[PDB]
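Step one of this worksheet: look at the structure below.
Number of protein chains: 2
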Amino acid sequence: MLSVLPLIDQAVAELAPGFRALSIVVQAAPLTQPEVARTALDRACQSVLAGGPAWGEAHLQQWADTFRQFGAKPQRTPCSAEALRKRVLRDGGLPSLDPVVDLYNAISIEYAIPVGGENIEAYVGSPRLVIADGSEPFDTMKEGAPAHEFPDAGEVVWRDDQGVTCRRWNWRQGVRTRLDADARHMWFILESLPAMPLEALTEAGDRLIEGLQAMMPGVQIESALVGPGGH
Amino acid sequence: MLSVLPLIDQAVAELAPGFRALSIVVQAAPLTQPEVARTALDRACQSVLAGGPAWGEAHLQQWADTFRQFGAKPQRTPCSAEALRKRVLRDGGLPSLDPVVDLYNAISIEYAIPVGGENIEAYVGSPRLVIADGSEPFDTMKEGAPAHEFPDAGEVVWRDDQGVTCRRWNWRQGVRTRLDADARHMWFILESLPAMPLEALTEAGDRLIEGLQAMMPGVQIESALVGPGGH
Numbered sequence: 001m002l003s004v005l006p007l008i009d010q011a012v013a014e015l016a017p018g019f020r021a022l023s024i025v026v027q028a029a030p031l032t033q034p035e036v037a038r039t040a041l042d043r044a045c046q047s048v049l050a051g052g053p054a055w056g057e058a059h060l061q062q063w064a065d066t067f068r069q070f071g072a073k074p075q076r077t078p079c080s081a082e083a084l085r086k087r088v089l090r091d092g093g094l095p096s097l098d099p100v101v102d103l104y105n106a107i108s109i110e111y112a113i114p115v116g117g118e119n120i121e122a123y124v125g126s127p128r129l130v131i132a133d134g135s136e137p138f139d140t141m142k143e144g145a146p147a148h149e150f151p152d153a154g155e156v157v158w159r160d161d162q163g164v165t166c167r168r169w170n171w172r173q174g175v176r177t178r179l180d181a182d183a184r185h186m187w188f189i190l191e192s193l194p195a196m197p198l199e200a201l202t203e204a205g206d207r208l209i210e211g212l213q214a215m216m217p218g219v220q221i222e223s224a225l226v227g228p229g230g231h
Numbered sequence: 232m233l234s235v236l237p238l239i240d241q242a243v244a245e246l247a248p249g250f251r252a253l254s255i256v257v258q259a260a261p262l263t264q265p266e267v268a269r270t271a272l273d274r275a276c277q278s279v280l281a282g283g284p285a286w287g288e289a290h291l292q293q294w295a296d297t298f299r300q301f302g303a304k305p306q307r308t309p310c311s312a313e314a315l316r317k318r319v320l321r322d323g324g325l326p327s328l329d330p331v332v333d334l335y336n337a338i339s340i341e342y343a344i345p346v347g348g349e350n351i352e353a354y355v356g357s358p359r360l361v362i363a364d365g366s367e368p369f370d371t372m373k374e375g376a377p378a379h380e381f382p383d384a385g386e387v388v389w390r391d392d393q394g395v396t397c398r399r400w401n402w403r404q405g406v407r408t409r410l411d412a413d414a415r416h417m418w419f420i421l422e423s424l425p426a427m428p429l430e431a432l433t434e435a436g437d438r439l440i441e442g443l444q445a446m447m448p449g450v451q452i453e454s455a456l457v458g459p460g461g462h
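Chains as they are written, first to last, in this note's numbering: chain R, 1 to 231; chain B, 232 to 462.
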């Protein structure tokens, strides 16, 4: 099986000592029930319009505080969970892309937690969570064309041996590792801080796995709890 | 199974502040390649007859020291890893018992580390690692009949809501929670002290997981590192 062992640099652990994440590695199977994602996304959106989940405001506040700690302005560039929540509250919902994305976005919405999905095959070496020095190339998009950009010095980034794969921790994924329709080897990283109880992180992960098992029966899963707050 | 997370009481963490363990929870799949376990056990025994692994002597010495700290005599009641190593060195190999047990025994031998295997479904509530007061019943065997015994006051034990599940930390598992042939929900606890480096613990866990995935394709696995010595 394709394993993934994310490395959390000591400097990031010292910056966010309560960080704990579920790292879920998935060997995909044929996608026979795509409507699962539609049901999950509707439920997630309905559940947030009433104001929940109970830890949501506090958790997204911690992520905004953590962004400021590494130099970002979350009012402009927030964690992925806050970006999804705002779209849900403002729009009549969150638009669909494809079933796997709708599903993990649904989990992010319902459980107010950043959830990143990536293609393991595109990684060069292991994923590493580091403090950027500002000279790491990030393959992204600008004006509908490819772009070669930099993180800011001090910014927390996911990277591999080649370069940055997610900027500002969980603000924006690069193009190189994006999850497309027929990826066979997927990595999901569910990223939390202590205002989200561990049992809620567990529930979010279980809800993602059960959705995957309903959507693509036969999927195989290996997950790990990682981070300085996970022991 | 959806989230087994063992609890380590503060008093045990204070007794052994370098304790670090991999907690691996497995949803079994049909066991189609039992020869994997025999091959693993053959390899493990040959590696120890050759004198290895390099951390083994120091690691088992730490387990013996820790046993003495909680009042045990490891020369009479040793940790499970020492009991296996003694047998291998005396006899030149290890007999087969059951494929899953043979596999995790192989890991314990090759990586000189206590490895416990238990049926999660038999647990009443969550596993907890505690200091015994001496009045907790331990369902075990003596002279081939059921027995109700006590830990010593001060002894480190694993327990659940009902009683002790493993006496003297990793010396002897109870009958209630033993792993039988086709148990569906399995907990493996790989227990280490600082003379075994983290990278060796990680490799032990990876070799166990790789063995299970070869033995029972489709197995679902979740892992976590616990204890005061995990950071």
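No residue lacks a Cβ here, since even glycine has one placed at the ideal position from N, Cα and C.
(1) Name the DSSP beta bridge partners of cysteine 397(B), please?
(2) Have a look at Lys317(B), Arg269(B), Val387(B) and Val355(B) and flag the residue whose alpha-carbon is nearest the alpha-carbon of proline 330(B).
(3) Do we get a CB-CB distance below 8 Å when we pair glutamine 173(R) with the residues of chain B?
(4) Which residue or residues does DSSP assign as beta-bridge partners of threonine 140(R)?
(5) Using 8 Å as the limit for Cβ to Cβ distance, is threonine 177(R) near chain B?
(6) What residue range is occupied by the uninterrupted alpha helix (DSSP H) comprising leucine 60(R)?
(7) Would you kindly work out how many angstroms separate the C-alpha atoms of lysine 73(R) and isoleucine 221(R), rounded to a whole number?
(8) Give the C-beta separation of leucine 7(R) and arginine 176(R) to the nearest angstrom, bearing in mind that I take them to be a contact with Cβ-Cβ under 8 Å.
(9) Unbroken alpha helix (DSSP H) runs of length 4 or more, entirely within the region 187 to 226 of chain R: which are they?
(10) Is it true that the CB of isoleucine 362(B) sits closer than 8 Å to the CB of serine 423(B)?
(11) For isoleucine 221(R), return the contacting residues in chain B, with the cut-off set at a CB-CB distance below 7 Å.
(12) From the DSSP secondary-structure annotation, give me the bridge partner or partners of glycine 116(R).
(13) Is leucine 193(R) close to chain B? Criterion is C-beta to C-beta, closer than 8 Å.
(14) Can we say the region 136 to 152 of chain R touches the region 17 to 35 of chain R, given the rule of at least three CB pairs closer than 8 Å?
(15) Might you give, ordered along the chain, the residues of its own chain that have their beta carbon closer than 7 Å to the beta carbon of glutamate 121(R), omitting 5 neighbours on each side?
(16) Going straight from the alpha carbon of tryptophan 171(R) to that of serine 108(R), what length do you get?
(17) Thinking C-alpha only, which one of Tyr354(B), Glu288(B) and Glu341(B) is nearest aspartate 273(B)?
(18) Looking at chain R, is there any beta carbon in it that lies within less than 8 Å of the beta carbon of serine 234(B)?
(19) What's the call for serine 126(R), buried or exposed, on a 16-neighbour Cβ count within 10 Å?
To lay it out plainly:
(1) Walking along the second sequence from the start, residue 397(B) turns up at place 166. Under the DSSP definition of a beta bridge, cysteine 397(B) partners with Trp389(B) and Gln404(B).
(2) As a first step, residue 330(B) is located in the second sequence; it is residue number 99 there, counting from the start. Nearest of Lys317(B), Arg269(B), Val387(B) and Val355(B) to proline 330(B), Cα basis: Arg269(B).
(3) For the purposes of this step, residue 173(R) is identified with residue 173 of the first sequence, where counting begins at 1. Chain B, which has no Cβ nearer than 8 Å to the Cβ of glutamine 173(R), makes this no.
(4) Taking the first residue of the first sequence as position 1, residue 140(R) is located at position 140. As DSSP reads the structure, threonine 140(R) sits in a beta bridge with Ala147(R).
(5) As a position in the first sequence, residue 177(R) is number 177, starting the count at 1. No, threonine 177(R) does not count as interfacial toward chain B.
(6) The count along the first sequence starts at 1 and reaches residue 60(R) at position 60. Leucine 60(R) -> alpha helix (DSSP H) spans 56 to 69.
(7) In the first sequence, residue 73(R) corresponds to position 73, counting from 1. In the first sequence, residue 221(R) corresponds to position 221, counting from 1. Rounded to whole angstroms, the separation of the alpha carbons of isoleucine 221(R) and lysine 73(R) is 36 Å.
(8) If you number the first sequence from 1, residue 7(R) lands on position 7. If you number the first sequence from 1, residue 176(R) lands on position 176. With a contact defined as Cβ atoms closer than 8 Å, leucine 7(R) and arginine 176(R) miss out at about 18 Å.
(9) List check, alpha helix (DSSP H) in window: 198 to 215.
(10) By one-based count along the second sequence, residue 423(B) stands at place 192. By one-based count along the second sequence, residue 362(B) stands at place 131. The answer is no: Cβ separation not under 8 Å.
(11) Reading the first sequence from its first residue, position 221 is the one you call residue 221(R). Going along chain B in sequence order, the residues near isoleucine 221(R) (Cβ under 7 Å) are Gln451.
(12) For this step, residue 116(R) is matched to residue 116 along the first sequence. According to DSSP, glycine 116(R) bridges with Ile189(R).
(13) Walking along the first sequence from the start, residue 193(R) turns up at place 193. For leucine 193(R), not one C-beta of chain B is nearer than 8 Å to its own C-beta.
(14) Between the region 136 to 152 of chain R and the region 17 to 35 of chain R, the count of Cβ pairs shorter than 8 Å is below three; the stretches do not touch.
(15) Here residue 121(R) corresponds to residue number 121 of the first sequence, with the count starting at 1. Excluding sequence neighbours, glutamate 121(R) sits near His185.
(16) As a first step, residue 171(R) must be located in the first sequence, where it is residue number 171. As a first step, residue 108(R) must be located in the first sequence, where it is residue number 108. If I take the Cα positions, the gap works out to 13 Å.
(17) Working through the second sequence from its first residue, we reach residue 273(B) at position 42. The residue with the shortest Cα to Cα distance from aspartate 273(B) is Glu341(B).
(18) Indexing the second sequence from 1 puts residue 234(B) at position 3. Closer than 8 Å to some Cβ of chain R, the Cβ of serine 234(B) qualifies, so yes.
(19) Against the first sequence, residue 126(R) aligns to sequence position 126. Around the beta carbon of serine 126(R), fewer than 16 other beta carbons sit within 10 angstroms, so the residue counts as exposed.
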